[PDB]
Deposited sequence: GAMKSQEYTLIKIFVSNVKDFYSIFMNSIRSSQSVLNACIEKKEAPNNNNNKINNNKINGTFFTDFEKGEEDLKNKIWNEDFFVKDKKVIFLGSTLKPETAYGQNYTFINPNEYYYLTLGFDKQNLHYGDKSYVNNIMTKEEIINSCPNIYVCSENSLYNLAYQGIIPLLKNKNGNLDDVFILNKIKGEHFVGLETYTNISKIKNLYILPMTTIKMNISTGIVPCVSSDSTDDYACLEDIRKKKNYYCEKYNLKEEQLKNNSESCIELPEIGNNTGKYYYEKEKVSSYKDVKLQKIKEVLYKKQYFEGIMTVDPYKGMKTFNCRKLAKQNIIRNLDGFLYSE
């Protein structure tokens, strides 16, 4: 049983998120016309509810729109430059609470009146999220929509922890859909696979800007390095990418490199960012989790 820190990754342009949401509703009504898993169906007297949700105000006024990002290095969140999603896989939209159990079977109307946040997450996470009190169950999970990751690529996001607030969604095809929420904060300074993926997108920017709603000027975000290893310095993600001559972000040796770096940072790293300057990564790992959870910027998640 592995514990993850989920980070609230807020969408900046909620009006764009609304267009994406409504194109998805219309596409799914089109594909299922001959007739069902895209959104939970609305019953005869539930039309007040449908009009409340399928409404610009729902996304702009009523609810916050939050991708739940999963990380095992929450102490690096300040350096997040991008948000990674699997462009080939479906993500679910559902309503949830700002505060979980650690700090819920409900009717549809109650969920709408009681849940302040729209979460985007993988199918894998949903029951674990219910179990932990982050989302409720319908009196079985209330799905607003189901959208392929490709359609979110290019959206600008931010966190309350990140130094920069223009964290665009980028595609990462190596995210496994049976792990956590299938959304990963990109911290390219401190993670070699993150560095590898951003580097592959930078190197092949014509292909990516042609295939997705990306323009190459979205590809220039610096990640502030949060961790220095003595003997190496900071930007350890780059250091290992080069030292090991990583071939691509899909290089099978990244799995080992990822795990070797994770452990070395944990046991030997020194923090280089506020509010942890000079503290050992080993201690800040704990403090970062605690702070994020206390500040309502995230959750602790197990599966």
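Unmodelled segments of the deposited chain, in sequence order: 1-4, 40-59, 128-135, 172-178.
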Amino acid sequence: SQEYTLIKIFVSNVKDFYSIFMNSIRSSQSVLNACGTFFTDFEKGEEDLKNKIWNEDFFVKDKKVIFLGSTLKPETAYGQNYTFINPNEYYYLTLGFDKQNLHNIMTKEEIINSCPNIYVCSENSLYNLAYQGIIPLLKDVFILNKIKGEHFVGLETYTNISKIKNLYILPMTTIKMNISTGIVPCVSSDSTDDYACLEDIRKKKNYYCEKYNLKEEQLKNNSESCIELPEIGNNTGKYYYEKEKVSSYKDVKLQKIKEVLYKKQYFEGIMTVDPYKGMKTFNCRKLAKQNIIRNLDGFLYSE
From here on, numbers count along this sequence of modelled residues.
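When the C-alpha B-factors of 116-124 and 211-219 are averaged, 211-219 comes out higher.
Here the stretch with the larger average CA B-factor, out of 82-90 and 104-112, is 104-112.
In this structure the maximum Cα B-factor among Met271, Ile53, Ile66, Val60 is found at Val60.
In this entry, the residue among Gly154, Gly182, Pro171, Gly133 with the greatest C-alpha B factor is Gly133. The PDB entry assigns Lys148 a C-alpha temperature factor belonging to the middle third of its chain's modelled residues. Among all modelled residues in its chain, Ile9 ranks in the lowest third by Cα B-factor. Among all modelled residues in its chain, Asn206 ranks in the highest third by Cα B-factor. In the deposited entry, the Cα temperature factor of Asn283 places it in the middle third of its chain's modelled residues.
In the deposited entry, the Cα temperature factor of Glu231 sits in the top third of values across the chain's modelled residues.
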